[PDB]
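Count residues from 1 along the sequence. Keep in mind that the numbers below use all heavy atoms, side chains included, and drop hydrogens, waters and symmetry copies.
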Amino acid sequence: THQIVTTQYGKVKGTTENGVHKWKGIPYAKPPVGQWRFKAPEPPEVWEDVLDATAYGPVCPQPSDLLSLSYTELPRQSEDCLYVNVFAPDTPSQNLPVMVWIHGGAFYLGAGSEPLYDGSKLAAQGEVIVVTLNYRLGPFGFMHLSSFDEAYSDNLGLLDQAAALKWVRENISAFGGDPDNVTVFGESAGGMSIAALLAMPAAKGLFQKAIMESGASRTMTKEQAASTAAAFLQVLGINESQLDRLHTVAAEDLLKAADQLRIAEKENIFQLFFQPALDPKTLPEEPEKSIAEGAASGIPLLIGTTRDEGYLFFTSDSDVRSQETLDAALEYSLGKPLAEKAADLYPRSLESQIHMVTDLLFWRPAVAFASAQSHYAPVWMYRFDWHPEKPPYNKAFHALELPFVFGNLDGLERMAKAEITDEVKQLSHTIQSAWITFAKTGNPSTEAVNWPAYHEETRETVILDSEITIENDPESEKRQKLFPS
Ligand SMILES: [K+]
């Protein structure tokens with residue numbers, strides 16, 4: 001019970017608190033600094049002594065936008081941030097299911113060690129092992145420089161995630177987990193990351209189940225990645241013959257250059273900037289297309305969205321964008337005729353731009369991905385509708401389901417100033433129980449919900465709220481407008 005575990009790179013020692021074994025700050029890669037900046041993750045150097053794993057490692061450098069809201073006491077920031085944390089229930093049971101969390105944050109914010117993602121409650125209540133991790137963000141993980149040097153890798157942040165999953169496959173049995181029953185789950189950018197991981201060469205065979213919360217196929221073109229990369233170096237004053245400077249410039253300067261590029265670009269309604277990029281070596285094609293062709297055959301998928309995603313993207317006082325902007329977003333998302341028709345579904349207004357974000361950034365992608373995967377594996381869909389009744393937090397905002405999934409309800413106070421009532425505790429128990437049962441069997445059904453499989457003929461969907469219900473082909477009129485006739 002003293003919790004010393006031998007990893008492939010050396011021994012680590014954790015602790016036990018309230019029935020949960022915990023190991024924090026375990027290195028899964030060599031710190032991506034200096035010459036290793038902008039390169040694929042390398043194995044960390046081995047150590048012969050016992051590494052103290054009772055404190056979280058640093059988080060990736062980033063603006064304080066999310067950290068200030070997520071933490072009461074800000075964490076240390078460093079490019080040396082590639083660490084995983086393990087939470088396991090103190091039980092005689094072996095070969096436990098493993099749930100690996102990929103945090104959201106628009107690919108430039110967040111950390112696996114944010115208070116909201118503490119896996120103690122999930123591990124204890126479900127008797128599963130929970131793994132959280134950090135991956136390179138912003139200019140460190142999603143600045144695709146392959147166009148300047150083949151030695152550099154694009155989609156660095158995704159490669160870090162894959163490296164962490166590889167670490168889990170090779171080391172989790174030593175922590176009491178089943179390396180052959182690994183469920184990867186994530187929200188927002190984390191869900192979008194999982195869409196990519198389900199198709200990436202780097203992640204082949206590294207997990208057996210997936211949960212995608214408010215996130216699906218999302219990428220920028222190879223051309224867009226290259227143009228942004230060139231603009232980035234220009235801001236830094238680095239020439240094609242001064243690439244060595246990319247490994248010496250201060251991290252703070254990389255962040256400043258990144259922030260400078262954003263402000264220079266008129267913000268879009270989806271607030272998209274950093275994101276995965278198409279690249280022959282790391283992400284050959286759009287995740288949705290790859291899944292539609294069977295790249296994730298046999299991998300059960302639990303996927304969903306919140307009813308009011310878009311309300312977190314605007315304020316009642318936000319400016320109303322032009323019709324041309326909305327039509328541009330429609331063409332981008334939909335296509336040629338799909339944009340033409342159904343365009344009348346979003347007449348200029350604050351309401352329409354809110355609905356467009358919910359529909360085009362989250363709902364349509366989720367339905368498209370779920371439908372595609374339904375031909376190759378069991379799929380289960382949900383729509384989260386819960387929220388406090390009193391304004392102004394009376395909307396099922398993007399990310400509002402997170403406190404329920406992890407069981408860390410203090411997060412609801414900062415997200416919606418909501419009180420932890422019996423209804424809230426009950427809903428968290430129901431949602432967490434479903435996530436756990438899915439990790440264990442590939443079917444999210446519980447005593448509170450007999451979940452119907454999602455397929456294109458009936459599109460049966462579970463509605464998560466104080467009272468669980470099922471809707472058959474929800475928002476059918478909207479679906480018919482957003483998809484080919
Ligand atoms: K022991």
For residues 325-338, tabulate all N or O donor-acceptor pairs below 3.5 Å that involve a side-chain atom, not counting sequence neighbours.
from, atom 1, to, atom 2, distance (Å)
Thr325, OG1, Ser322, OG, 3.0
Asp327, OD1, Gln323, NE2, 3.3
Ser333, OG, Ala329, O, 2.9

According to side chain to side chain contact (heavy atoms under 4.5 Å, CB included), who are the partners of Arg307, at least two apart in sequence or on a separate chain?
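Testing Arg307 for side chain to side chain contact (heavy atoms under 4.5 Å, CB included), a comparison that skips the adjacent residues, returns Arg383, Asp385, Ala396.
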
Return the orientation label for the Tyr117 and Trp101 ring planes: parallel under 30°, perpendicular over 60°, tilted otherwise.
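Geometry flag for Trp101 against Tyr117: tilted rings.
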
Flag yes if more than 12 heavy atoms outside [X] fall under 6.0 Å of its [atom1] atom; otherwise flag no.
{"X": "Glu467", "atom1": "CD", "answer": "no"}
{"X": "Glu223", "atom1": "CD", "answer": "no"}
{"X": "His455", "atom1": "NE2", "answer": "yes"}
{"X": "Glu79", "atom1": "CD", "answer": "yes"}
{"X": "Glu423", "atom1": "CD", "answer": "no"}

Strictly by salt bridge (charged side-chain N to carboxylate O under 4.0 Å, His left out), give each pair with a member in residues 445-456 just once, sequence neighbours left out.
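The answer is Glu456-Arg459.
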
Does one side chain, of [X] or [Y], offer a donor that lies under 3.5 Å from an acceptor on the other?
{"X": "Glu309", "Y": "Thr358", "result": "no"}
{"X": "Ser445", "Y": "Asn443", "result": "yes"}
{"X": "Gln161", "Y": "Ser193", "result": "yes"}
{"X": "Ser188", "Y": "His398", "result": "yes"}
{"X": "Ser120", "Y": "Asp118", "result": "yes"}
{"X": "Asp154", "Y": "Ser146", "result": "yes"}

Which residue pairs pass the side-chain hydrogen bond (donor to acceptor under 3.5 Å, both in side chains) test with at least one member in residues 409-422, sequence neighbours excluded?
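Listed once each, the pairs would be none.
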
Name all pairs fulfilling the side-chain hydrogen bond (donor to acceptor under 3.5 Å, both in side chains) condition that reach into residues 57-68, sequence neighbours left out, sorted by first residue then second.
none

Is the shortest side-chain heavy-atom distance between [X] and [Y] below 4.5 Å?
{"X": "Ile194", "Y": "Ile102", "result": "yes"}
{"X": "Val462", "Y": "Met381", "result": "no"}
{"X": "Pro115", "Y": "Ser70", "result": "yes"}
{"X": "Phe483", "Y": "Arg364", "result": "yes"}
{"X": "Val424", "Y": "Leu409", "result": "yes"}
{"X": "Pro58", "Y": "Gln77", "result": "no"}
{"X": "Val168", "Y": "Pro179", "result": "no"}
{"X": "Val131", "Y": "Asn85", "result": "no"}

Apply the test side chain to side chain contact (heavy atoms under 4.5 Å, CB included) to residues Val86 and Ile129: give CA-CA distance (whole Å), side-chain angles for both, the deciding distance (0.1 Å), then the verdict.
CA-CA 7 Å; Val86 178; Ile129 291 178; 3.8 Å; yes

Look at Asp180 together with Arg169 and state whether they make a salt bridge at an N to O cut-off of under 4.0 Å.
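Salt bridge present between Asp180 and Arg169.
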
With the threshold set at 4.0 Å, does a side-chain nitrogen-carboxylate oxygen contact exist between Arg262 and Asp259?
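No.
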
Show every donor-acceptor pair shorter than 3.5 Å between a side-chain atom in residues 341-351 and any protein atom, with sequence neighbours excluded, or say none if there are none.
from, atom 1, to, atom 2, distance (Å)
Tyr346, OH, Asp359, OD2, 2.7
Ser349, OG, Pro347, O, 3.0
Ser349, OG, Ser352, N, 3.1
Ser349, OG, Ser352, OG, 3.1

For a quick test of your reading: what N or O donor-acceptor pairs under 3.5 Å do the side chains of residues 289-304 make, sequence neighbours left out?
from, atom 1, to, atom 2, distance (Å)
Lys289, NZ, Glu293, OE2, 3.2

Which distance, rounded to the nearest 0.5 Å, do you find between the [atom1] of [X] and the [atom2] of [Y]?
{"X": "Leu482", "Y": "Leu360", "atom1": "CG", "atom2": "CG", "answer": "6.5 Å"}
{"X": "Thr305", "Y": "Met212", "atom1": "OG1", "atom2": "CE", "answer": "11.5 Å"}
{"X": "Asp473", "Y": "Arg479", "atom1": "CG", "atom2": "CZ", "answer": "4.0 Å"}
{"X": "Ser433", "Y": "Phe438", "atom1": "OG", "atom2": "CZ", "answer": "15.0 Å"}

Picking from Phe185, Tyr382, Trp380, what satisfies ring pair (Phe, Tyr, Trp, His ring centres under 6.0 Å) with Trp435?
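Passing option: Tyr382.
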
Under the ring pair (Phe, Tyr, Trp, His ring centres under 6.0 Å) test, residues paired with [X] that sit two or more places apart:
{"X": "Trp363", "value": "none"}
{"X": "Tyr56", "value": "none"}
{"X": "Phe274", "value": "none"}
{"X": "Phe384", "value": "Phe404"}

Heavy-atom closest contact (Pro32 atom, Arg136 atom, distance)
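In this case the closest contact between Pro32 and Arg136 is CB-NH1, 3.6 Å.
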
For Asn408 and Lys121, the nearest pair of non-hydrogen atoms, with its separation, is OD1-CD, 3.8 Å

Test salt bridge (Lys or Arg N to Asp or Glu O under 4.0 Å) applied to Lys281 - qualifying residues, sequence neighbours left out
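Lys281 satisfies salt bridge (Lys or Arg N to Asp or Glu O under 4.0 Å) with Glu150 once adjacent residues are dropped.
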
Just checking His144 against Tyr152, ring centres under 6.0 Å apart?
no

Verdict with reasoning, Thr132 to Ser113, per side chain to side chain contact (heavy atoms under 4.5 Å, CB included):
CA-CA 7 Å; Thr132 57; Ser113 54; 5.6 Å; no

Assess the residue pair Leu158 and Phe142 against the criterion (side chain to side chain contact (heavy atoms under 4.5 Å, CB included)); give the C-alpha distance rounded to whole Å, side-chain angles, the decisive distance to 0.1 Å, and a yes or no.
CA-CA 9 Å; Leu158 298 183; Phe142 291 86; 4.0 Å; yes

